[PDB]
Amino acid sequence: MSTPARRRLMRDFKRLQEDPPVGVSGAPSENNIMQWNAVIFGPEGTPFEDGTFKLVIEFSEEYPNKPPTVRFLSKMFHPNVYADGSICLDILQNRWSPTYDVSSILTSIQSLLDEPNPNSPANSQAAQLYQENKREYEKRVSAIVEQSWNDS
């Protein structure tokens, strides 16, 4: 049966694919469509600049009516980001609105690496090591960005 959800996401896809952003991409799964797979690099000047990170966008049938949740498929270290591979971002909670598009969703997560949101220390460890052991932070980011290159 025709599903309006499915139709919306395939339109959104077509829009993103005719009008693509830079330093992020996103596409659906191969067979599933409630689950998209998306990618980000660090912008210039970040400790992440070379390294590439892999995400999934998790949608609902009441879409974009509910916030599209996001997961991190790859290991991620950031104070806004769970070990559980999820994103605390305030617009992805009660502050969402059906105005943000697939580019907008991803470009936020890119700039979030350059500028974390200290109003929400999701994993107090990451925020702790920022104030405490910034040199360990620098180590871990080189290591986590390095893990990107595990296929060569």
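Ignoring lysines fewer than eight residues from residue 139 along the same chain, the ones with Cα atoms less than 22 angstrom from its Cα are 54, 75. Under 18 Å from a label point set 7 Å out along the Cα-to-Cβ vector of residue 61, the amide N atoms of region 19-54 belong to 32-36.
Put a plus charge on the Cβ of each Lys and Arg, a minus charge on the Cβ of each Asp and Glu, and nothing anywhere else: the dipole of the chain about its Cα centre is then about 440 debye.
Just to confirm the filter: which trypsin sites (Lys or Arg not before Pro) across region 46-152 are DSSP coil and have at most 15 other Cβ within 10 angstrom of their Cβ? Please list the in-between numbers first.
Details: sites: 54, 71, 75, 95, 134, 135, 139, 140; in loops: 75, 95.
Here the trypsin sites (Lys or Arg not before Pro) that fit, given the DSSP loop and packing criteria, are 75, 95.
Please give the FRET efficiency for residue 71 paired with residue 139, using the beta carbon to beta carbon distance and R0 = 22 Å, rounded to the nearest 0.05. Could you put the intermediate results ahead of the total?
On the way: r = 25 Å, r/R0 = 1.15.
Efficiency, rounded to the nearest 0.05: 0.30.
Working from Cα pairs under 8 Å separated by at least six residues, relative contact order for the chain is 23 percent. For the pair region 81-112 / region 1-48, the C-alpha centres are spaced 13 Å from each other.
What are the GluC sites (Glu not before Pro) within region 1-76 that DSSP puts in a loop, where the Cβ has at most 10 other Cβ atoms within 10 Å? Present the calculation step by step, with values, prior to reporting the outcome.
Working: sites: 18, 30, 44, 49, 58, 61, 62; in loops: 30, 44, 49, 61, 62.
Of the GluC sites (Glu not before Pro), the ones in loops of region 1-76 whose Cβ has at most 10 other Cβ atoms within 10 Å are 30, 44, 62.
A helix-only calculation puts the chain at -10000 deg cm²/dmol for mean residue ellipticity at 222 nm, using -39500 (n - 2.57) for each DSSP H run of at least four residues, averaged over all residues.
What percentage of all Cα-Cα pairs in region 1-101 are separated by more than 16 Å? Value for region 1-101 (Cα pairs over 16 Å): 62 percent.
Run through region 70-152 and list the GluC sites (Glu not before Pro) located in a DSSP loop whose Cβ has at most 11 other Cβ atoms within 10 Å.
Values: sites: 132, 136, 138, 146; in loops: 132.
For GluC sites (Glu not before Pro) across region 70-152 that sit outside H, G, I, E and B with at most 11 neighbouring Cβ atoms in 10 Å, the list reads 132.
No value in this document is a laboratory result; all are computed from the given coordinates. Positions of Cβ are generated from backbone atoms using ideal geometry, with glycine treated the same way; all protein chains shown enter the neighbour counts.
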